[PDB]
Amino acid sequence: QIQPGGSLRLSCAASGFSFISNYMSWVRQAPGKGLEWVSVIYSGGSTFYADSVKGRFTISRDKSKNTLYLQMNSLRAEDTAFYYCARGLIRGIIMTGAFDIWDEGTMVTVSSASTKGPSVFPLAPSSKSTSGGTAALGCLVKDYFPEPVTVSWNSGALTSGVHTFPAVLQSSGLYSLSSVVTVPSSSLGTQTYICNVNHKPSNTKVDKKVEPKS
Amino acid sequence: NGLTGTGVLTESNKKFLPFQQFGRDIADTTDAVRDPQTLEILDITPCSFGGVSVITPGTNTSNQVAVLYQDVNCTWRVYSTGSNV
Amino acid sequence: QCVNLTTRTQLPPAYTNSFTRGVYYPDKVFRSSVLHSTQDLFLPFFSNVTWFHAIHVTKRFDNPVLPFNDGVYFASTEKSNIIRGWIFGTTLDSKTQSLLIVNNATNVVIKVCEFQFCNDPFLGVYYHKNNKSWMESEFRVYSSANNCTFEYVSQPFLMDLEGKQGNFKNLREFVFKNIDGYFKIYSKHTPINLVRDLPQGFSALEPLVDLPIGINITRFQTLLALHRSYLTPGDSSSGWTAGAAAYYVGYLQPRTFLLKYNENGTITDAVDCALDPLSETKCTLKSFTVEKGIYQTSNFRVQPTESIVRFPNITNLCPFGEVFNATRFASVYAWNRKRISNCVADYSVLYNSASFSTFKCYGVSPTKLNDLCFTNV
Amino acid sequence: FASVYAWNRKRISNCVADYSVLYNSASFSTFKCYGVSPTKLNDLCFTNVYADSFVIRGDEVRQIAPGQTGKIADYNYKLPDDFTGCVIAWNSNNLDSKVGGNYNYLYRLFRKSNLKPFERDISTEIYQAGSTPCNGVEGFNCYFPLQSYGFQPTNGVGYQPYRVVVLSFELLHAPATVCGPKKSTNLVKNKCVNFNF
Amino acid sequence: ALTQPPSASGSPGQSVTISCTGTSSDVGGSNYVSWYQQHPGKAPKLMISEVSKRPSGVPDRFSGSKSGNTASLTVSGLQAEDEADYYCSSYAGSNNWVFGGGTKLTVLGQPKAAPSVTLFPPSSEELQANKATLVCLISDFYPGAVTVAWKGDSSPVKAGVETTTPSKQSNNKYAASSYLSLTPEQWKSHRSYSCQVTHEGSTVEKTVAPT
Ligand SMILES: *[C@@H]1O[C@H](CO)[C@@H](O[C@@H]2O[C@H](CO)[C@@H](O)[C@H](O)[C@H]2NC(C)=O)[C@H](O)[C@H]1NC(C)=O
Ligand SMILES: *[C@@H]1O[C@H](CO)[C@@H](O[C@@H]2O[C@H](CO)[C@@H](O)[C@H](O)[C@H]2NC(C)=O)[C@H](O)[C@H]1NC(C)=O
Ligand SMILES: CCCCC/C=C\C/C=C/CCCCCCCC(=O)O
Ligand SMILES: *[C@@H]1O[C@H](CO)[C@@H](O)[C@H](O)[C@H]1NC(C)=O
Ligand SMILES: *[C@@H]1O[C@H](CO)[C@@H](O)[C@H](O)[C@H]1NC(C)=O
Ligand SMILES: *[C@@H]1O[C@H](CO)[C@@H](O)[C@H](O)[C@H]1NC(C)=O
Ligand SMILES: *[C@@H]1O[C@H](CO)[C@@H](O)[C@H](O)[C@H]1NC(C)=O
Ligand SMILES: *[C@@H]1O[C@H](CO)[C@@H](O)[C@H](O)[C@H]1NC(C)=O
Ligand SMILES: *[C@@H]1O[C@H](CO)[C@@H](O)[C@H](O)[C@H]1NC(C)=O
Ligand SMILES: *[C@@H]1O[C@H](CO)[C@@H](O)[C@H](O)[C@H]1NC(C)=O
Ligand SMILES: *[C@@H]1O[C@H](CO)[C@@H](O)[C@H](O)[C@H]1NC(C)=O
């Protein structure tokens, strides 16, 4: 983790580089969207950068050993991504324009606030959720940073219909999720349906009951 | 395939064995070739042909001349056509 | 100081015949009372040369960029010193080296450096009446000259620059050749009295100079002088008068000629051995007179029109990096033998990776390696 | 001297060619003549004398010959096939190298076509190796066409720098002004004599 | 960016095509177009080089072509295991280096499934909490190319919505979720909202009205 306005050093290995036509571009990937190009260094000492990054990032190769340096400075917290070292593919002296050797990259995260506890609401069973024999109710646990969070139903009792959906990462930088379970519509309020919310990086433990709408 | 030359290329009826690329005549000049991309046989024929004689009444009388193309039949491979053919 | 001129009228090009013009001494040996057969770059007899002028009143300042194919025959008929020199080069725009031969009103200047030439390079003479004189005023050829390699400046003089009104009184002929980095110039001056249409006659051009410039030349352009006086109001691009001069351009080709040296050693006549069959016979007879009869000449020749190359469909490059760049070689008593199959032989990719210090071929010359196909590699 | 991509060319005018004065000043280790035998150098007069000079690697000295290929002979310096002069080259590691490398000496690595004989290409336009142009910046498939030798003093010989001088000239046929060390005599006319003009 | 349709799948042992349909001056005006592959967790692997070429390995079912501003990939025979993302890529003009968007490629040996949708309005405590969130859950929709659109009473909305990427369950089908942020005064402003999901052309929508 690093607060915005920071800096970071990303290094890779330029084994067999000093021959001309040996480009070694850098490529990012957001956790869910897809690939996007970042920068490129040409072995004749030329550097080029993508837009929206230009001026903030800098490649400075170490011709001494073999190490290639990308210095990120003043991160804007829309750069959270895997970062890969893409080495080019060469057909003689002609750069083919494709990247054949990758390096599994480094996860680079940029956030703020550090950590925070979840806020819980019960999503009541309703006729708009009811259909025939069954009706669904759940618990919405939102706005927390420390990713591992768990919500159980009735201290782990109900395993039928209980489905926790993948947490979503908002623009605010905090996660949120909602876990829902279906239960016979004859049993709207009848039995116990209490969601047990536990936040392990913090020490939050709260039980919330879900009942039909007033 | 690296073999250079000059001439006229025409479609051929010769048929090469698979291990052959060039064809030679009795004077050992290359007169047939297999095209390396379409795999078709071509004949190579030279470009110059036919004798020429010049008839002059003497350049101490005139520079008018006549020309006899000994291999042409006009009823062309000539330098000029003028009149009086 | 570099202007784009205007007030110029439109006209199509004009052509003329070269009546046995453009012969030069092909060596530095003296020969007397003989007929000598020679092959070289000559201007063919009765060629179609291009005609350029510049008469105002109609304005016509011709100085386009012309090709320089294999050599150039250049002729100029003048009375008042309007053509002043030439510029030779390929792009003429400071990305490549160019040659400039110019005649100021005082010196002859030859320079082979990097010029940035204008679209309309010229010189300019100004005429005063208060002061009794035509004087050299403008020299608008280039903007910059950076990395010069060759320079020559003649001894000072002073030309006339005065505008005459008679007929063309001076013919000047030049042959320009460019071989082995040598720019060779042959020249001849002749007194004439003529009105137009470059004359007939025979005069052989003598060797003038060989400049060791070592540049590539594919185009050239002529440098003309302008006239400005109290009758040319304009501003600086419409206030000019042309003058009166004409020049003709033709191109050389490799021909066989039969030259005739008189007893004094001068070339007085020539036969172009490929103009007609009559000249073919004159030249195979080694005489200028042919007697009544019928003579055999060469067979009927046809020249090739195109050039074609047919190689197989090969895409990959040969394993230059696993033969010359291997990690561990073999010892000599058990030597390795690798088979080279269907690949492209580009040995230029090795130019930056390894030096050799021994490289000898045996059945083939090294200049024809990337023009052949090889069977069992 | 000069680097090889912009090689120098000096004009040799009316002077006496006494190459014995070099016998105690410098050894050569490469000296080959082409149109003429070395035993008749101080018995002839030479017409158009020019002296080219540059510095190359020790391994590329074999490239200075007519009918050669390789990096120098393709597009740095090309001799004609009818060459006449003499080629001279000597090792220069004690002069043109220094600790850490001497990068004052350059060579051309990329060109569209081979040079013609005896021309010079001092242009520094960016070579385009690909199909898309690049408008005068270095980058994807576009390289600066000049590289530098690295001459550190303890290199393998053949990576050490060599000075090369090429003597160009003509024999007989035209007036000359160089001549050798030969001494003249008087003119005897109307008799049978051996002559050397 | 470039464009490629985010979902394409077919029967095993057949030919599926994938179009990259870029503009000029990167794909139409060049020839350096490549195709990659990313299994979910690994680094990308170069699958097809320029236009139609291959490295070593890469069993010959993959083929590429270019027909102007649209290059395309075609897999001839899904074995079982060529599920990937298949980013196309090109060299743009000024060292740019653009990329694609990524197309999931599954192989439902059986019959497609129906995306079960379920929608929830903001609870009461959240209403008292001076905020509001709509909850749209999608589940059991085998082929994973789902997309979502949100509706106020009659119009579409594009602000305040977050959408999970599809996630694989135990039964090896997918699930997803989306959230809509609202102030409670906007919650009661519009008389009803809805979440619609589109999947293989088909569409199913659910709707809820405030009380
Ligand atoms: C003379 O005319 C030419 C056009 O014939 C003008 O040329 C352009 O010059 C600019 C630089 O100033 C270049 O960027 C353009 O590419 C050129 N275009 C063409 C068609 O040549 C030139 O500028 C004019 N010069 C003067 C003094 O008028
Ligand atoms: C060499 O390449 C050419 C194309 O560059 C191939 O020519 C094709 O031949 C087929 C015949 O089966 C035609 O249908 C195509 O239209 C041809 N293509 C073109 C562009 O003309 C040729 O087949 C290749 N050589 C071999 C041996 O396959
Ligand atoms: C990989 C084997 C392919 C062999 C192809 C067969 C014939 C083609 C011959 C190539 C000769 C290569 C020599 C390299 C010359 C470079 C000279 C230099 O260093 O300046
Ligand atoms: C041909 O010309 C020569 C010289 O001009 C002359 O002596 C000769 O008589 C001429 N022939 C005839 C038949 O008159
Ligand atoms: C010169 O060539 C041009 C080309 O069209 C032609 O129009 C012209 O008639 C030729 N001139 C002569 C004298 O043959
Ligand atoms: C003519 O131009 C040359 C070129 O530099 C210059 O040296 C010379 O001085 C000029 N003429 C006069 C009279 O100055
Ligand atoms: C002649 O007069 C002009 C001005 O009209 C002046 O520029 C020029 O230098 C003078 N020349 C002489 C020789 O007086
Ligand atoms: C030519 O000029 C350029 C720029 O001024 C310079 O880089 C180059 O070194 C010059 N040429 C020579 C041979 O010095
Ligand atoms: C050269 O010959 C010409 C005739 O061709 C003659 O007029 C002239 O006098 C000769 N030159 C001398 C005198 O050497
Ligand atoms: C082989 O190539 C590598 C670069 O891939 C280079 O470092 C090494 O020096 C080369 N060795 C030889 C003998 O060419
Ligand atoms: C001469 O310049 C032209 C520019 O059009 C170039 O094409 C050509 O290659 C040059 N000469 C040589 C020998 O390369």
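Below, chain A is the first sequence line, B the second, and so on; all start at residue 1. All values below come from the heavy atoms of this structure, side chains included, with hydrogens, waters and symmetry mates left out.
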Suppose the criterion is side-chain hydrogen bond (donor to acceptor under 3.5 Å, both in side chains): which pairs have a residue in residues 179-198 of chain C, not counting sequence neighbours? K184(C)-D210(C)
Using the ring of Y5(D) (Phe, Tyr or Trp, six-membered ring only), decide whether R108(D) places NZ or CZ under 6.0 Å from its centre and within 45 degrees of its axis. no
Just by modelled atom types, is the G163(C) backbone N or O under 3.5 Å from a matching donor or acceptor in the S80(C) side chain? no
Could you state the interatomic distance from CG (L35(C)) to NZ (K260(C)), rounded to the nearest 0.5 Å? 6.5 Å
Enumerate the residue pairs fulfilling disulfide bond (SG atoms under 2.5 Å apart) with a member in residues 217-257 of chain C, sequence neighbours excluded, ordered by first and then second residue. none
Listed once per pair and sorted, the disulfide bond (SG atoms under 2.5 Å apart) pairs that draw on residues 37-139 of chain C, sequence neighbours left out: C2(C)-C118(C), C113(C)-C148(C)
Parallel, tilted or perpendicular: ring planes of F176(C) versus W86(C), cut at 30 and 60 degrees: perpendicular
Among side-chain atoms of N104(C) and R84(C), is any donor-acceptor pair under 3.5 angstrom? no
Among residues two or more places apart or on two chains, list those pairs meeting side-chain hydrogen bond (donor to acceptor under 3.5 Å, both in side chains) that have a residue in residues 77-86 of chain D. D52(D)-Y77(D)
Keeping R60(C) on the side-chain end and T9(C) on the backbone end, is there a donor-acceptor pair under 3.5 Å? yes
By ring pair (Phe, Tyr, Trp, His ring centres under 6.0 Å), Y25(C) pairs with (sequence neighbours left out) none
Is it true that the side chains of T96(C) and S123(D) contain a donor and an acceptor less than 3.5 Å apart? no
Heavy-atom pair with the smallest gap, counting every atom of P64(C) and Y247(C): CD-OH, 4.1 Å
Does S133(C) form a side chain to side chain donor-acceptor pair (under 3.5 Å) with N131(C)? I'd like the steps, not just the answer. CA-CA 6 Å; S133(C) 288; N131(C) 212 340; 4.6 Å; no
Ignoring hydrogens and geometry, is there a side-chain-to-backbone donor-acceptor pair from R11(D) to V49(D) under 3.5 Å? yes
Salt-bridge test for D74(D) and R111(D): reply yes if a basic N is under 4.0 Å from a carboxylate O, no otherwise. no
Taking all heavy atoms of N81(C) and all of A225(C), pick out the closest pair and write down the distance. O-CB, 4.4 Å
With under 30° as parallel and over 60° as perpendicular, where do the rings of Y142(C) and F139(C) fit, or are they tilted in between? perpendicular
Ring geometry between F19(C) and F46(C) (parallel below 30°, tilted from 30 to 60°, perpendicular above 60°): perpendicular
Does atom CG (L172(D)) have a neighbourhood of more than 12 heavy atoms from anything else shown, all under 6.0 Å? no
Could you check whether any side-chain N or O of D276(C) sits under 3.5 Å from a backbone N or O of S279(C), counting only pairs where one atom can act as donor and the other as acceptor? no
Interatomic distance, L11(C) atom CG to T58(C) atom OG1 [nearest 0.5 angstrom]: 6.5 Å
Quick check against the 3.5 Å criterion: does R228(C) have a side-chain atom that pairs as donor or acceptor with the backbone of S236(C)? yes
Backbone N or O of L231(C) within a donor-acceptor pair of the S229(C) side chain at under 3.5 Å? yes
Before giving the answer on ring pair (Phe, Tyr, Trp, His ring centres under 6.0 Å), spell out for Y73(C) and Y251(C) the whole-Å C-alpha distance, their side-chain angles and the decisive distance to 0.1 Å. CA-CA 6 Å; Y73(C) 169 80; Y251(C) 301 113; over 10 Å; no
Stepwise side chain to side chain donor-acceptor pair (under 3.5 Å) check, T47(D) with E170(D): CA-CA 5 Å; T47(D) 71; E170(D) 261 130 1; 3.2 Å; yes
How close do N216(C) and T90(C) get, heavy atom to heavy atom, and via which atoms? O-CG2, 3.1 Å
Please confirm whether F1(D) and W7(D) have ring centers closer than 6.0 angstrom. no
Side chains of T266(C) and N264(C): donor-acceptor distance under 3.5 Å anywhere? no
Can you name the closest pair of heavy atoms from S53(D) and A2(D) and give their distance? O-CB, 4.3 Å
Test the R163(D)-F54(D) pair against the cation-pi criterion, namely NZ or CZ under 6.0 angstrom from the six-membered ring centroid and within 45° of the ring axis. no
Centre of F118(D)'s six-membered ring, under 6.0 Å away, within 45 degrees of the axis: is that where NZ or CZ of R9(D) sits? yes
Side-chain donor or acceptor of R8(C) paired with backbone N/O of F61(C) under 3.5 Å: yes
Within the side chain of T77(C), is there an N or O that forms a donor-acceptor pair under 3.5 Å with the backbone of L171(C)? no
Check this for me: does any side-chain nitrogen of one of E78(C) and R172(C) sit under 4.0 Å from a carboxylate oxygen of the other? yes
For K116(D), is the NZ atom crowded, meaning more than 12 foreign heavy atoms sit under 6.0 Å from it? no
Look at the aromatic rings of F220(C) and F68(C) and report parallel, tilted or perpendicular, splitting at 30° and 60°. perpendicular
Please tell me whether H56(C) and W240(C) form a close aromatic pair, meaning their ring centres lie under 6.0 Å apart. no
Quick check against the 3.5 Å criterion: does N107(C) have a side-chain atom that pairs as donor or acceptor with the backbone of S154(C)? yes
Pair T6(C)-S237(C), side-chain donor/acceptor within less than 3.5 Å: yes
Looking only at heavy atoms, what is the nearest atom pair of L205(C) and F174(C), with distance? CD1-C, 4.1 Å
Any chance the side chains of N167(C) and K169(C) put a donor and an acceptor closer than 3.5 Å? yes
Contacts of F257(C) meeting ring pair (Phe, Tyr, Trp, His ring centres under 6.0 Å) (sequence neighbours excluded), chain-then-number -> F42(C), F45(C)
